[PDB]
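What follows draws every value from the coordinates through simple rules; no lab data is involved. Every residue, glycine as well, gets a Cβ built from its backbone with ideal geometry; the counts of neighbours run over all protein chains shown.
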Amino acid sequence: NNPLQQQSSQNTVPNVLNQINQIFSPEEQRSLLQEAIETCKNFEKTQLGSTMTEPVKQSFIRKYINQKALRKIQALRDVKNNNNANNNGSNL
C-alpha cells in the first residue's frame, strides 16, 4: 500500500500555441494578457529593474501564459479518459 498523491507524464508537447484558442477563450486571453503585464511589473520589482527591451518582456508574457496553460491542461488531465479532441466530423 504505497501512497498516491498525483501522477502525470512529462513530455514535450509542441503546437500548443495554436491550441491556446481552444484552451482559453479570446476574452479570457485578453484578461490574461492584462494580468501578465501586471505580473511583469511584479517581476521587474524583484529582478531586472533597469533599461529593458520590449521582446524580452513579450517573451516573458508568452512563457508565463504558456506555463499557466500547461498547468490548466494538467488540471484537466486529472480526469481519466479526458483528452483534447477536434470533436468535429460527420458520419456518411
Which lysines, on any chain, are close to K45 with Cα under 20 Å apart, when same-chain ones fewer than 8 places away are left out? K57, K63
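Counting other beta carbons within 10 Å of each Cβ, put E54, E28 in order, fewest first. Don't skip to the end; give the middle numbers.
On the way: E54 7, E28 11.
Least crowded to most crowded, the residues run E54, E28.
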Can you tell me the orientation of helix 26-46 relative to the chain, as the angle in degrees between its alpha-carbon axis and the longest Cα principal axis, to the nearest 10? 40
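As a check on your grasp of the helix formula, calculate [θ] at 222 nm for the chain: sum -39500 (n - 2.57) over DSSP H runs of n ≥ 4, divide by the residue count, round to the nearest 500.
Calculated at 222 nm, the ellipticity per residue is -17500 deg cm²/dmol.
For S8, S90, what's the fewest-to-most ordering of other Cβ within 10 Å of each Cβ?
On the way: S8 9, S90 4.
By the 10 Å Cβ count, ascending, the order reads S90, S8.
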Partners for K80 among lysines (Cα-Cα distance below 19 Å; same-chain residues under 8 apart left out): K72
What ranking, highest mean first, results for peptides 32-43, 71-82 when packing means the other Cβ atoms within 10 Å averaged over each residue? 32-43, 71-82
Compute from the Cα atoms of the chain the Rg and the Dmax, the latter being the longest Cα-Cα distance, and quote both in angstrom. 17.5, 62
With everything on Cα atoms, drop me the angle between helix 54-77 and the longest principal axis of the chain, reported from 0 to 90° to the nearest 10. 30
